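Here's the structure, in structure tokens; my notes come after.
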Amino acid sequence: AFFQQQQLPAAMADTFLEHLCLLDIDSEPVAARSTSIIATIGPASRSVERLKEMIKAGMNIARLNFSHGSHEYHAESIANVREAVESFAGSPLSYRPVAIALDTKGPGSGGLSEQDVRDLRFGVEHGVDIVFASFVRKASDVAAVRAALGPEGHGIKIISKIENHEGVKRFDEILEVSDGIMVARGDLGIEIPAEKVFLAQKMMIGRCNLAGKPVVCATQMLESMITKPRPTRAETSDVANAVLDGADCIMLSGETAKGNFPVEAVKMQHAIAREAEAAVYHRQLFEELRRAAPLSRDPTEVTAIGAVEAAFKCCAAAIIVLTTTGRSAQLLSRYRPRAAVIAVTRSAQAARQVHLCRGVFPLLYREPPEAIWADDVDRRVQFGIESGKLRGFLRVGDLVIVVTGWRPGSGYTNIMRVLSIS
Amino acid sequence: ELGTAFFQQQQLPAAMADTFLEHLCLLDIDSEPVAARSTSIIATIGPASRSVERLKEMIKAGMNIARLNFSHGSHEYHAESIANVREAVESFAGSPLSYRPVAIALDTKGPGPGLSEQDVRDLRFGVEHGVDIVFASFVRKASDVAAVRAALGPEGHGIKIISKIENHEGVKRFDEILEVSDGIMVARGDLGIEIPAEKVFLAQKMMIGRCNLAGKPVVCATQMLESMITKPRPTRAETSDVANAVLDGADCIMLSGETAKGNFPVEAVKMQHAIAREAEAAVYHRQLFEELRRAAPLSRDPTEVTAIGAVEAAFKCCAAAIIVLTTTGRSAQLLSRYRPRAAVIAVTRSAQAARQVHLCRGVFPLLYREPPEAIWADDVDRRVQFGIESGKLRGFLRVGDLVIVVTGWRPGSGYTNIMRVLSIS
Amino acid sequence: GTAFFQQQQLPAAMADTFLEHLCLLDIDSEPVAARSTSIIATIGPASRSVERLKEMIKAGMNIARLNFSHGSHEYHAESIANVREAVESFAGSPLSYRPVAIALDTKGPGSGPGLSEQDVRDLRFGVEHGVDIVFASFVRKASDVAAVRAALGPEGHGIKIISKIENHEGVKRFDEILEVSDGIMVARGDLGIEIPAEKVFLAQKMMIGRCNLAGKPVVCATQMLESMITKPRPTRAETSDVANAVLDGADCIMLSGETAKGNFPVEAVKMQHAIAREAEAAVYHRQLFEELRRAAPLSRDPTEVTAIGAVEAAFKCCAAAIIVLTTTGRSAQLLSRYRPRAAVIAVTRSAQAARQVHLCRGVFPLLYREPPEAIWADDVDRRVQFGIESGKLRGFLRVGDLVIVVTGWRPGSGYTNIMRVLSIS
Amino acid sequence: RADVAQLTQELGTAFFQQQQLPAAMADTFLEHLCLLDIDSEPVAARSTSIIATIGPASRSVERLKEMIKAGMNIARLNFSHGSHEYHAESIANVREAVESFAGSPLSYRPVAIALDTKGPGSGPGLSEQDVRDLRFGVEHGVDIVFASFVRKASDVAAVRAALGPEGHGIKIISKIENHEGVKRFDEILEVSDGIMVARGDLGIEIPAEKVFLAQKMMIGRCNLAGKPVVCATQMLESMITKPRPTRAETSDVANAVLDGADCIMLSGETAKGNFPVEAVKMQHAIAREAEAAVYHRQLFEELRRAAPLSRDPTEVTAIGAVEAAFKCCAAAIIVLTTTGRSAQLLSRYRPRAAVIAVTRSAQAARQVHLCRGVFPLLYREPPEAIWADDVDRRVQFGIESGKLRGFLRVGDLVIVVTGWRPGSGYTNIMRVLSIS
Ligand SMILES: O=S(=O)(NCc1ccc(S(=O)(=O)c2cccc(O)c2)cc1)c1cc(O)c(O)cc1-c1ccc(O)c(O)c1
Ligand SMILES: O=S(=O)(NCc1ccc(S(=O)(=O)c2cccc(O)c2)cc1)c1cc(O)c(O)cc1-c1ccc(O)c(O)c1
Ligand SMILES: O=P(O)(O)OC[C@H]1O[C@](O)(COP(=O)(O)O)[C@@H](O)[C@@H]1O
Ligand SMILES: O=P(O)(O)OC[C@H]1O[C@](O)(COP(=O)(O)O)[C@@H](O)[C@@H]1O
Ligand SMILES: O=P(O)(O)OC[C@H]1O[C@](O)(COP(=O)(O)O)[C@@H](O)[C@@H]1O
Ligand SMILES: O=P(O)(O)OC[C@H]1O[C@](O)(COP(=O)(O)O)[C@@H](O)[C@@H]1O
Ligand SMILES: O=C([O-])C(=O)[O-]
Ligand SMILES: O=C([O-])C(=O)[O-]
Ligand SMILES: O=C([O-])C(=O)[O-]
Ligand SMILES: O=C([O-])C(=O)[O-]
Ligand SMILES: [K+]
Ligand SMILES: [K+]
Ligand SMILES: [K+]
Ligand SMILES: [K+]
Ligand SMILES: [Mg+2]
Ligand SMILES: [Mg+2]
Ligand SMILES: [Mg+2]
Ligand SMILES: [Mg+2]
């Protein structure tokens with residue numbers, strides 16, 4: 001029965017054609033949903049009670065669209081999100097961190113606009129985790145956003161939105177200096193022929209997967225759900241194909257900001273993503289990712305590949321990684337393991353930001369410290385295991401891969417352990 | 001010889017890639033499609049697309065198959081639709097550059113345990129009116145297909161039966177249904193209500209893959225450009241859906257309300273045409289052909305053996321087209337199963353076969369009407385040159401191009417065994 | 001039948017990985033196909049008698065090597081005459097006659113920089129006596145090949161030049177030598193003294209791989225069955241060496257002292273024949289054909305395009321043979337480069353081409369002696385029938401087998417463009 | 001190029017020109033062959049073990065010291081010839097020559113002693129002389145038994161029973177020398193520690209032109225099973241009377257290594273020939289060239305795909321360690337082992353990195369020579385009070401001996417494989433360490 005669930009017959013197939021033929025509608029998904037859901041906050045999703053429902057439905061990142069609304073409006077939104085998130089902090093083994101992202105208005109007719117500088121300053125002051133920089137056309141646009149974030153905003157992640165021909169053509173230079181990319185299909189579909197957008201989406205997702213950087217698929221994913229309780233056949237297909245393409249995050253705009261079914265739209269994206277993740281052809285995917293990733297003398301990079309290889313060999317339920325900045329979890333994520341990457345961190349900001357990486361499940365470690373570093377480490381490992389058992393990721397008898405470092409401080413991951421649960 | 005510009009068009013850098021990841025990374029929005037659109041467009045005829053003038057516009061936009069939905073309307077209504085389609089098609093019989101045959105398909109109302117009384121009457125209507133295809137609704141088992149086949153009276157055995165899979169039973173009994181059907185339609189509308197909406201993409205991808213493996217046509221249907229019923233442009237999810245159905249391996253893409261009752265029927269056809277052309281150039285032929293080749297079983301049928309040699313030969317020289325002489329369409333279908341990048345120009349004396357080959361991806365029919373030559377070898381040469389002259393006239397061929405010619409050793413269907421490499425003069 | 005798929009290592013040939021392939025090798029799986037790797041035997045005192053030469057032709061000798069490092073022109077002319085007498089002693093049965101090529105192995109430059117004066121005299125002797133191949137000793141650069149070609153003059157245009165790589169310079173300048181040569185010989189004797197003995201296997205594997213990539217014949221030579229000069233059976237290392245040269249991709253295997261001066265010249269030929277047959281069945285065609293196909297560049301030459309379609313077609317039906325009509329042998333060489341499991345039966349009227357095609361693996365020459373038919377298509381059919389009749393007589397074909405026939409559209413060399421699937425009657 | 005561009009800038013273009021690295025990075029096997037370079041020098045230590053047969057030509061303690069320096073890893077005693085007194089003198093001479101280098105335990109070279117049985121002859125099973133010879137082996141502390149003419153699983157059970165309770169640690173390598181042994185191969189391999197492809201008798205029992213098929217099949221199955229396989233007989237036959245081998249002989253040795261043989265053997269070449277040391281030197285030189293020419297890109301992928309899923313932490317750690325070593329071009333994998341099993345599981349994935357096995361067991365240190373790429377280090381120090389410190393001292397001993405023998409340099413990356421608790425069977429940790 002284990003090998004009949006989560007499309008395992010289709011995952012073992014020798015060819016991609018055999019893989020497609022073996023897809024079974026009766027093979028149920030078992031693993032936790034790996035692709036993060038970004039929901040846009042607006043009138044339909046601003047109440048603390050509504051936001052609690054969206055967190056339970058699966059929202060991982062809350063997007064504030066600075067194209068509409070005042071700073072007072074957005075600060076109220078931020079406060080409501082934080083209130084709804086902290087309403088579940090009572091049970092630290094089941095608490096879900098939610099990132100806050102600021103989507104800039106953009107340059108419009110103009111480089112970096114004066115309103116954008118004021119909005120970016122607002123984001124730093126209000127402690128946002130991510131910036132979705134609108135209409136990025138070159139590497140110098142990213143540098144301008146980075147400069148506007150100042151010294152207090154070094155930790156904020158910059159996700160460049162590609163929305164026009166220039167951004168697509170200069171993609172490589174933008175990706176090099178960005179933390180990730182958003183495939184902003186709305187404007188892109190007006191700037192380039194609508195029938196060419198799928199080529200740009202597939203190219204940008206592929207390059208981001210190659211680079212190991214997060215990529216978000218955005219706009220009109222479940223558009224009809226703004227007024228209707230169920231999406232169209234094209235919409236469910238679109239969500240599924242974005243996940244199959246390799247998107248780290250999927251987004252909802254009007255569907256959650258102004259629609260009549262914001263919670264239902266989140267539930268739909270959650271349901272589709274789970275099905276699509278089980279349908280991933282890991283046999284060729286892991287091989288291609290392995291072959292494409294360059295040789296490395298960075299021990300974190302070397303431990304990540306060894307850990308993902310080890311997890312595939314034993315069908316590990318999870319890979320528990322200790323991370324400070326989230327980097328060790330990101331390097332595990334780039335190899336697209338079938339095993340969940342449970343990232344145990346003390347940094348609340350890192351816990352929110354690792355939602356950008358597919359398959360990373362952040363656990364904010366709030367237990368009291370241990371005096372001996374070795375005991376402190378073991379405690380954070382056992383923490384990941386208890387939360388994993390509570391949340392359904394792990395059972396007694398399961399195998400896990402534990403990824404740690406040799407000394408405290410970020411950048412020293414170099415150990416991989418094969419551990420049996422209880 | 002061909003130029004650097006030749007190798008930058010139709011996603012050729014992405015097609016030459018050693019891995020699927022490299023292939024995705026090499027996709028270029030500036031790489032323009034050159035080949036003719038190979039995925040057929042099925043448009044549903046209704047109040048929005050019934051007039052002879054409106055139908056002429058849809059043929060020019062790219063409609064290859066006209067679907068008559070027998071869930072709505074009387075026999076008198078559908079016979080008027082058939083007559084209007086035939087009138088609009090024959091309005092271009094003068095100009096060989098604009099004349100294209102259009103298939104007529106009957107979509108049944110559906111069942112009850114088995115074939116309904118109304119369905120038997122509707123199938124009899126189809127035989128009497130000379131329809132080419134039947135889209136049999138709610139097929140759940142092989143005996144359902146046999147019932148449709150039996151209902152296609154003594155005169156309708158040439159009609160193609162495309163079984164619509166619309167429920168859990170049809171998905172579970174897929175293999176037995178495909179074995180006895182001519183092809184499949186992934187009827188996503190009802191399927192999305194019978195099974196969880198989030199599982200439909202799995203059923204679509206599985207059924208397309210199995211149809212590609214079997215060498216049988218598969219249609220992706222319902223809500224492809226749904227918003228275009230009221231809006232002139234589709235959503236980002238809708239264009240993505242059409243593109244992904246083509247990339248998945250669908251032979252045909254369909255329009256229902258978009259053409260039958262919508263405000264932009266011609267614009268919806270134009271949109272599907274535009275997306276399909278882009279998506280066909282983005283197909284990863286390097287791994288696709290290898291997998292199709294490896295998966296297809298060994299064969300001692302000369303048509304099947306010639307088809308693989310012809311597709312292999314066409315890939316080797318970047319052949320502008322594969323010209324195949326076929327009477328039933330079978331030879332063109334066997335070429336099509338290997339998914340060549342070259343156009344399959346099928347020269348036939350059969351008007352029905354010319355209409356039905358629209359079900360197979362990349363098959364471009366040419367109806368030949370010349371009186372037969374006394375020497376068979378001269379009749380073959382005359383039909384082969386007609387394929388080249390038409391090709392030249394339509395933009396597929398130029399002097400200096402290479403084409404692969406597939407013929408047989410003796411007259412009559414079933415003897416295809418020759419593949420020739422010809423230089424266009 | 002089940003028994004068919006148990007012979008000639010077919011389970012090992014169908015394996016998904018190279019590791020699975022090795023694990024499936026069966027010592028009880030008997031070779032059925034004809035031995036495709038040619039045997040070159042050096043003529044000397046042990047193999048000069050007309051009766052002895054008839055035994056070597058029956059044992060499997062395809063090419064007779066005349067070593068111009070030893071003996072006078074008078075000696076070599078007597079050799080040539082004895083070979084031709086023994087070969088023509090079987091010309092009474094044209095359906096079973098075996099052509100034998102005559103190759104001249106030059107003495108070399110020695111201390112000189114380029115072509116020696118004795119080499120010029122020996123090369124002109126070869127042209128005067130009608131030799132087919134030249135094994136040019138110690139080739140170090142492309143200009144060495146040009147010098148041999150110039151010394152052959154205008155009358156020696158058809159002679160094939162196989163460059164012997166015997167030193168570090170030849171290995172380093174390999175690419176420029178191969179570009180201008182008809183093929184290569186891996187002269188392991190001198191090479192093993194010029195470079196460290198433990199590095200020779202790397203040079204052999206590299207040169208064979210590059211020759212296979214280029215589609216040019218490659219010969220593995222020297223000490224293959226060395227112990228058989230005095231002993232009736234070879235060592236375990238010697239049989240392994242012969243088998244591995246075939247598995248590496250060598251078109252020809254050679255015997256030097258083993259046939260020229262040894263006590264068991266016929267037994268050495270029989271041993272090489274037996275090992276090569278075993279090794280050819282153990283070839284992993286699944287990956288090999290895929291790699292050859294992928295590595296070969298796109299082509300607008302119809303012969304090149306027909307060859308790949310024909311090999312692809314032969315694999316699809318497990319064709320017993322590919323019968324090709326050839327004037328120069330080039331059409332057979334282009335089929336051979338794709339390493340088909342099917343025998344390439346080359347029917348030719350050129351006695352020289354019939355002798356030279358022995359350089360290409362899996363090409364079985366048939367010299368057709370009949371005068372032309374007035375109708376060219378009838379002449380073409382008669383030759384094809386001759387191939388079928390010879391192949392039936394020799395055991396390559398049986399009634400019911402499928403065969404691929406490769407012909408051209410007009411008389412004369414360079415016009416191959418047709419591939420046909422034929423059932424043996 | 002981008003998949004090796006950063007590491008190329010770091011390690012240099014000269015690094016990537018050595019040990020057939022361009023040929024090893026090739027996308028196809030055809031490209032791999034085309035890229036083989038005679039100028040690309042081997043850098044890695046010779047990983048295929050050399051088994052030399054001891055006889056009149058190689059019995060003296062002085063001659064044996066020369067053979068150990070030439071590369072001999074296993075000494076074979078052929079019980080088809082000679083008395084027990086003769087073989088005991090041979091064993092004593094081997095041990096004397098081996099211990100003459102024990103002064104420096106950081107550079108000492110352990111040598112296994114293998115007993116090759118006479119065989120059943122006319123009989124159906126284990127002969128009476130074989131029982132006496134096997135008892136002799138147990139009494140004299142031999143490490144391996146090469147059991148002649150094994151034809152079924154019950155033959156290896158008989159050898160195991162004849163070894164008695166004290167010979168439980170001895171490895172049984174079954175010799176396949178006839179059609180029955182080839183046909184029942186799977187049942188024999190299941191119960192054996194490894195196999196020897198005994199080509200001499202096999203070449204007389206089956207057609208000589210079919211032996212290469214049997215060799216290639218048995219090596220492939222042994223590689224798939226993760227068990228040692230020895231290629232034997234007539235490898236450098238001409239070197240019995242001549243100082244240089246033939247072109248077929250060098251080719252044969254190279255092809256046995258390329259086929260996947262863990263060990264290569266010398267029989268008459270060392271036992272009775274005129275050039276026993278030269279034959280060992282030749283096999284050493286060829287094996288080093290052949291190992292660099294291995295197409296690791298497809299090999300590792302195939303080994304990985306063929307090996308079944310495992311819930312054994314040693315098995316899981318071994319594949320993660322080999323994958324990690326390939327990612328950074330690790331100079332070595334240092335593994336702590338008691339029985340040699342952890343080193344054997346690393347070896348089955350055919351890493352290009354040397355597997356430096358640190359052990360306290362002298363028998364395990366001798367027996368790991370059966371596994372390709374395993375370099376045994378016998379640790380003689382007394383245990384530390386804290387187990388974690390004892391472990392670290394052993395790891396450091398491996399790093400220091402690896403630097404001393406040339407395997408490691410400052411700046412190199414190494415993968416360290418250890419367990420979480422003392423005792424055999426608990427390997428579960430993989431560490432990436434930078435050499436300082
Ligand atoms: O290796 S993959 O898993 N599969 C990729 C693949 C997709 C198509 C084709 S084909 O040659 O067009 C084809 C062949 C046969 C039948 C056909 O109908 C089509 C081959 C291989 C993967 C790797 C990536 O680098 C990535 O970025 C995403 C994917 C990917 C793509 C689609 C999936 O369904 C999926 O699970 C993963
Ligand atoms: O595709 S091939 O058939 N073989 C290709 C191949 C050979 C080795 C390796 S491996 O990665 O080293 C390896 C993998 C697994 C187990 C192992 O023990 C070894 C993989 C694949 C072929 C192609 C040519 O370009 C050619 O010139 C000759 C051959 C060839 C070589 C050896 C044969 O046994 C054979 O039949 C053919
Ligand atoms: O992903 P990052 O930022 O490199 O953090 C991983 C770090 O986690 C650790 O295992 C634990 O260290 P801390 O005690 O600082 O939490 C480090 O040794 C390692 O460097
Ligand atoms: O695709 P189909 O129905 O098998 O038709 C292919 C047939 O067409 C031909 O090429 C031409 O034959 P006709 O003259 O009868 O049209 C035959 O030789 C071949 O058998
Ligand atoms: O292999 P080559 O030398 O190119 O010769 C192939 C030629 O042989 C033929 O099949 C038969 O021609 P001939 O009648 O001149 O022998 C030609 O059609 C073709 O051009
Ligand atoms: O390879 P083996 O025989 O399983 O031994 C590996 C064992 O060696 C160790 O690394 C060290 O253990 P010891 O203290 O017994 O020498 C263990 O942690 C591990 O279980
Ligand atoms: O801004 C966006 O997200 C877009 O344009 O799609
Ligand atoms: O009938 C159809 O096409 C459907 O239900 O999707
Ligand atoms: O000339 C040769 O053939 C040689 O030197 O081996
Ligand atoms: O016994 C042996 O070693 C043989 O037969 O080769
Ligand atoms: K915005
Ligand atoms: K209907
Ligand atoms: K010579
Ligand atoms: K013995
Ligand atoms: Mg926008
Ligand atoms: Mg329906
Ligand atoms: Mg020489
Ligand atoms: Mg023996």
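Residues are referred to by chain and number: the chain letter is A, B, ... according to the order shown in the structure tokens, the number counts from 1 in that chain, and ligands are numbered separately from 1 in the order shown.
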
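When the distance limit is 6 Å and only C-alpha atoms are what count, the residues near residue 272 in chain D, minus those fewer than 3 positions from it on the same chain, are residues 56, 57 and 268 of chain D.
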
Close residues, range 59-75 of chain B itself excluded, 8 Å, only C-alpha atoms, min 4 positions apart in chain, as a CSV table (one decimal) with N, CA and C atoms, in the first residue's frame:
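Listing of around06.csv after writing:
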```
chain,number,residue,atom,x,y,z
B,40,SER,N,-4.8,20.2,-34.4
B,40,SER,CA,-6.1,20.6,-35.0
B,40,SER,C,-7.0,21.3,-34.0
B,41,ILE,N,-7.8,22.2,-34.5
B,41,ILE,CA,-8.7,23.0,-33.7
B,41,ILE,C,-10.1,22.5,-34.0
B,42,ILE,N,-10.8,22.1,-33.0
B,42,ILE,CA,-12.2,21.6,-33.1
B,42,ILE,C,-13.1,22.8,-32.6
B,43,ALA,N,-14.0,23.3,-33.4
B,43,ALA,CA,-14.8,24.4,-32.9
B,43,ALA,C,-16.3,23.9,-32.9
B,44,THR,N,-17.0,24.2,-31.8
B,44,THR,CA,-18.4,23.8,-31.6
B,44,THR,C,-19.2,24.8,-32.4
B,45,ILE,N,-20.1,24.3,-33.3
B,45,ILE,CA,-21.0,25.1,-34.0
B,45,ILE,C,-22.3,25.4,-33.2
B,46,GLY,N,-22.7,26.6,-33.1
B,46,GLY,CA,-23.9,27.1,-32.4
B,46,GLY,C,-24.4,28.4,-33.0
B,55,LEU,N,-18.8,31.1,-40.6
B,55,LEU,CA,-18.0,29.8,-40.8
B,55,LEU,C,-16.8,30.0,-41.8
B,79,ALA,N,-28.8,19.5,-39.3
B,79,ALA,CA,-28.7,19.3,-40.8
B,79,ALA,C,-28.4,20.7,-41.4
B,81,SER,N,-26.8,23.2,-40.0
B,81,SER,CA,-25.5,23.5,-39.6
B,81,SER,C,-24.5,22.7,-40.5
B,85,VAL,N,-21.8,24.4,-43.1
B,85,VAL,CA,-20.4,24.1,-43.0
B,85,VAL,C,-19.9,23.7,-44.4
B,89,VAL,N,-17.1,25.6,-46.7
B,89,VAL,CA,-15.9,24.9,-47.1
B,89,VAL,C,-15.8,24.9,-48.6
B,100,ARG,N,-9.4,24.1,-47.9
B,100,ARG,CA,-9.0,23.1,-46.8
B,100,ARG,C,-10.2,22.3,-46.5
B,101,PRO,N,-10.1,20.9,-46.4
B,101,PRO,CA,-11.3,20.1,-46.0
B,101,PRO,C,-11.5,20.3,-44.5
B,102,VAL,N,-12.8,20.3,-44.1
B,102,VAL,CA,-13.1,20.4,-42.7
B,102,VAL,C,-13.9,19.2,-42.3
B,103,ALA,N,-13.5,18.5,-41.2
B,103,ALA,CA,-14.2,17.3,-40.7
B,103,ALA,C,-15.5,17.7,-40.0
B,104,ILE,N,-16.5,16.9,-40.0
B,104,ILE,CA,-17.7,17.1,-39.3
B,104,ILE,C,-17.9,16.0,-38.2
B,105,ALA,N,-17.9,16.4,-36.9
B,105,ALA,CA,-18.1,15.5,-35.8
B,105,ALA,C,-19.4,15.6,-35.1
B,106,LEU,N,-20.0,14.5,-34.7
B,106,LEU,CA,-21.2,14.5,-34.0
B,106,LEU,C,-20.9,14.1,-32.5
B,107,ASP,N,-21.3,15.0,-31.6
B,107,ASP,CA,-21.1,14.8,-30.2
B,107,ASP,C,-22.4,14.3,-29.6
B,108,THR,N,-22.5,13.0,-29.2
B,108,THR,CA,-23.7,12.5,-28.7
B,108,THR,C,-24.2,13.0,-27.3
B,109,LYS,N,-25.5,13.0,-27.0
B,109,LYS,CA,-26.0,13.5,-25.8
B,109,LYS,C,-25.6,12.6,-24.6
B,110,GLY,N,-25.5,11.3,-24.8
B,110,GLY,CA,-25.1,10.4,-23.7
B,110,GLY,C,-26.2,9.6,-23.1
B,122,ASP,N,-29.6,9.7,-33.2
B,122,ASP,CA,-28.6,10.7,-33.6
B,122,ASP,C,-27.5,10.0,-34.4
B,125,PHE,N,-28.6,9.4,-37.8
B,125,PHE,CA,-28.7,10.7,-38.5
B,125,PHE,C,-27.3,11.0,-39.1
B,266,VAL,N,-14.4,33.7,-33.6
B,266,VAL,CA,-13.3,33.8,-34.6
B,266,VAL,C,-12.0,34.1,-33.8
B,267,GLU,N,-12.1,35.0,-32.9
B,267,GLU,CA,-10.9,35.4,-32.0
B,267,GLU,C,-10.4,34.2,-31.2
B,269,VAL,N,-10.6,31.0,-32.0
B,269,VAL,CA,-10.0,30.1,-33.0
B,269,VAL,C,-8.6,30.7,-33.2
B,270,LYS,N,-8.5,32.0,-33.5
B,270,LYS,CA,-7.2,32.7,-33.7
B,270,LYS,C,-6.2,32.5,-32.6
B,273,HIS,N,-5.0,28.9,-32.4
B,273,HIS,CA,-4.0,28.7,-33.5
B,273,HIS,C,-2.7,29.3,-33.1
B,358,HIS,N,-7.5,15.0,-39.9
B,358,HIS,CA,-7.4,16.2,-39.1
B,358,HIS,C,-7.2,15.7,-37.6
```

I need the contact residues of chain D against chain C, so if you could list those with any atom within 8 Å, counting only C-alpha atoms, and return them as JSON, numbers by chain, that would help.
{"D": [28, 29, 30, 31, 33, 34, 35, 36, 37, 38, 199, 200, 203, 208, 209, 210, 211, 212, 213, 214, 216, 217, 218, 220, 221, 224, 233, 234, 235, 236, 237, 246, 247, 248, 249, 250, 251, 252, 254, 255, 282, 285, 286, 289, 293, 302, 303]}

Which residues come within 7 Å of range 237-248 of chain A, counting only C-alpha atoms, excluding same-chain residues fewer than 6 positions away, as a PyMOL selection string?
(chain A and resi 35-36+202+205+209+214-217+221+269+272-273+276-277+280+356-358) or (chain B and resi 201+237+240-241)

Expected file contents, prior selection, C-alpha atoms, as a short mmCIF file (atom, residue, chain, number, x, y, z; two decimals), in the first residue's frame:
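Saved file out.cif follows:
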```cif
data_model
loop_
_atom_site.label_atom_id
_atom_site.label_comp_id
_atom_site.auth_asym_id
_atom_site.auth_seq_id
_atom_site.Cartn_x
_atom_site.Cartn_y
_atom_site.Cartn_z
CA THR A 35 4.85 24.71 -2.85
CA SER A 36 4.17 27.89 -0.85
CA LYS A 202 9.03 27.86 -18.45
CA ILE A 205 11.45 28.66 -13.85
CA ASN A 209 15.82 25.86 -10.65
CA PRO A 214 13.18 30.76 -5.60
CA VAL A 215 10.76 31.43 -8.45
CA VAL A 216 7.10 32.51 -8.05
CA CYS A 217 4.40 31.91 -10.66
CA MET A 221 -4.08 31.39 -11.67
CA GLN A 269 -4.23 25.97 -4.59
CA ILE A 272 -3.81 21.12 -6.55
CA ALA A 273 -0.20 21.66 -5.39
CA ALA A 276 1.05 18.04 -8.60
CA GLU A 277 3.99 17.49 -6.22
CA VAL A 280 6.79 15.00 -10.07
CA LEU A 356 10.26 31.05 -0.59
CA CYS A 357 12.03 27.62 -1.01
CA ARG A 358 9.96 24.62 -2.09
CA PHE B 201 -4.82 17.17 -14.66
CA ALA B 237 -4.24 30.49 -17.02
CA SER B 240 -1.08 28.34 -20.32
CA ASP B 241 -3.73 25.58 -20.43
#
```

Exercise answer, chain A residues close to chain C, 12 Å and only C-alpha atoms, as a count of residues only:
3

Neighbours of residue 413 in chain D within 10 Å (only C-alpha atoms; same-chain residues fewer than 4 positions away dropped), as a count of residues only?
17

Give me the chain B side of the contact with ligand 1, cut-off 6 Å, one line per residue showing its nearest atom pair and distance in Å at one decimal, counting only C-alpha atoms and all ligand atoms, sorted by chain and residue number, as a Markdown table.
```
| residue | atom | partner | partner_atom_place_in_ligand_line | distance |
| --- | --- | --- | --- | --- |
| B:20 | CA | ligand 1 | 25 (O) | 5.2 |
| B:21 | CA | ligand 1 | 25 (O) | 3.6 |
| B:209 | CA | ligand 1 | 18 (O) | 5.6 |
| B:248 | CA | ligand 1 | 18 (O) | 5.2 |
| B:249 | CA | ligand 1 | 18 (O) | 5.4 |
| B:283 | CA | ligand 1 | 12 (O) | 5.8 |
| B:284 | CA | ligand 1 | 12 (O) | 4.6 |
| B:287 | CA | ligand 1 | 11 (O) | 4.0 |
| B:288 | CA | ligand 1 | 11 (O) | 3.7 |
| B:291 | CA | ligand 1 | 15 (C) | 5.5 |
```

Ligand 13: which residues are within 12 Å, counting only C-alpha atoms and all ligand atoms, as a VMD selection string?
chain C and resid 42 65 to 71 103 to 110 118 to 119 122 134 to 139 163 to 164 166 185 187 189 to 190 222 256

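For the choices D:151, D:81, D:394, D:59, the atom-to-atom distance to ligand 14 is smallest for D:81 when using only C-alpha atoms and all ligand atoms.
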